[PDB]
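Asks: Attaching a single structure in structure tokens format; questions to follow.
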RNA sequence: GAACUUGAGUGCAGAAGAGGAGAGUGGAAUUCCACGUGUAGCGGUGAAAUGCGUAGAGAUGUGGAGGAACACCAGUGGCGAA
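If you want it as structure tokens, here you go:
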């Protein structure tokens, strides 16, 4: 029953993560995009981000979690709503991380969709 | 045939440059493998499904292997005959 923990913001066009883990990155409860029986486009809404974040928060409160250190890693779709949901309990976002390649074209990305 | 120095070279003194060839080296990210935590989805689309997941995926942490390309700098900026 651990006091402190982490969550991990990493946002794209329509993908975001924020799982509830311990200080050393051992998991406890998890939040990332959906998880909650939502499907399709509803899954990527800001609303559905809240309900995923609440459900992982209320999972971790039962493990005696009081505070959540969260990261920063660019803007995206439903990142702000996911934080608002977590501020039911209350917490901080101190760290700032990144998912970027130090080469433009480190690995070659997949081809542009013709739509 | 004789001159000349404006062309064209040489000498001398500076300058900038992703010009080229060779050898070595670095960090970020992806992938795979191993392991810890954890558990039911993940992923994807206009909407789906095939896929991948309880033989424990996805997420998260740590380490290992390997290849390729070089964020920011970076600019009708530079260099090059192209």
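In my numbering, the protein residues as written are 10 to 124. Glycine is no exception: its CB is placed at the ideal position from the N, C-alpha and C atoms.
#1: By DSSP, does residue 38 sit in helix, in strand, or in coil?
#2: Identify the continuous alpha helix (DSSP H) that holds residue 101 and give its terminal residues.
#3: How many Å lie between residue 53 and residue 43 at the Cα?
#4: Identify the residues that DSSP records as bridge partners of residue 78: which are they?
#5: So residue 57 is in the alpha helix (DSSP H); what residue range does that whole segment cover?
#6: Whole angstroms is fine: what's the gap from residue 90's alpha carbon to residue 101's?
#7: How big is the Cα-Cα spacing for residue 76 and residue 123?
#8: Residues bridged to residue 20 by DSSP?
#9: Residue 95 lies in the alpha helix (DSSP H); which residues open and close that run?
#10: Could you tell me the distance, in whole angstroms, from the CA atom of residue 46 to the CA atom of residue 60?
#11: Which term fits residue 15, buried or exposed, when burial requires 16 or more other beta carbons within 10 angstroms of its beta carbon?
Replies: Taking the geometry as given:
#1: Numbered from its first residue, the first chain carries residue 38 at position 29. Here residue 38 sits in strand by DSSP.
#2: As a working mapping, residue 101 is identified with position 92 in the first chain. Neither: residue 101 is in no alpha helix (DSSP H) and is coded neither H nor E.
#3: For the purposes of this step, residue 53 is identified with residue 44 of the first chain, where counting begins at 1. For the purposes of this step, residue 43 is identified with residue 34 of the first chain, where counting begins at 1. Roughly 7 Å separates the two Cα atoms.
#4: Along the first chain, one-based indexing puts residue 78 at 69. DSSP, once it has assigned bridges, lists 15, 101 as partnering residue 78.
#5: Walking along the first chain from the start, residue 57 turns up at place 48. Start and end: 55 to 70.
#6: As a first step, residue 90 is located in the first chain; it is residue number 81 there, counting from the start. As a first step, residue 101 is located in the first chain; it is residue number 92 there, counting from the start. Between residue 90 and residue 101, the C-alpha separation is close to 15 Å.
#7: On the first chain, position 67 is the one that residue 76 refers to. On the first chain, position 114 is the one that residue 123 refers to. Their Cα atoms are separated by approximately 45 Å.
#8: The count along the first chain starts at 1 and reaches residue 20 at position 11. In DSSP, residue 20 forms a bridge with 25.
#9: Here residue 95 refers to the residue found at position 86 when the first chain is read from its first residue. Counting along the chain, the alpha helix (DSSP H) containing residue 95 begins and ends at 89 to 95.
#10: Start at 1 with the first residue of the first chain, and residue 46 comes out as number 37. Start at 1 with the first residue of the first chain, and residue 60 comes out as number 51. So the two alpha carbons sit approximately 11 Å from each other.
#11: One-based indexing of the first chain puts residue 15 at position 6. It counts as buried.
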